[PDB]
């Protein structure tokens, strides 16, 4: 199939700086045009207001990163390139929330522009259910020339580290194609 990264049974906690480093996998992510990032995780129950699930970030450019995050329980998403400009529409007020202290999944899909999808297509799903589609761009890691780091949890942006929380992660899976809504429903 299309599985390029699979990480199972890991966690963010005090002893690892609330972070699982996956930066060894950066080149795999840079190569992707259509992609899926899927994470099944359990946040500690009284979560921070903003925390990162999966991010790619840069040691030299503080405002160039990709993040699938949770903001006041809302599953959210943001990508910014080397000019700091937004790749996607705002997801901070997307409709679907996770429940902390319980198992949840969040799935992002990205489809590069095509003749019929002229600006590409991005989707975020929460527990198998489409939360919001964004048709601003189909930009992703290939569009971020200065990235250096990949992580679950606390995210290094230049000389600062932010968005840490304690998470149990049953799996992180990255695919080299965009799963369909039907596939997200069954494969989560």
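Residue numbers count along the first chain shown, from 1.
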Mean B factor on CA atoms, stretches 131-139 and 156-164, record says higher is 156-164
Mean Cα B-factor check, 73-81 vs 94-102, entry values; winner is 94-102
In this crystal structure's PDB entry, the residue among 124, 53, 32, 56 with the greatest CA B factor is 32
Binned into thirds over the chain's modelled residues, the C-alpha B-factor of residue 42 lands in the highest
Chain-relative C-alpha B factor for residue 147 (record values, thirds): the middle
Tertile call for residue 61 (CA temperature factor, within chain, third-based) is the highest
For residue 49, the third of its chain by CA B-factor is the middle
By the entry's values, the third containing the CA B factor of residue 169 is the lowest
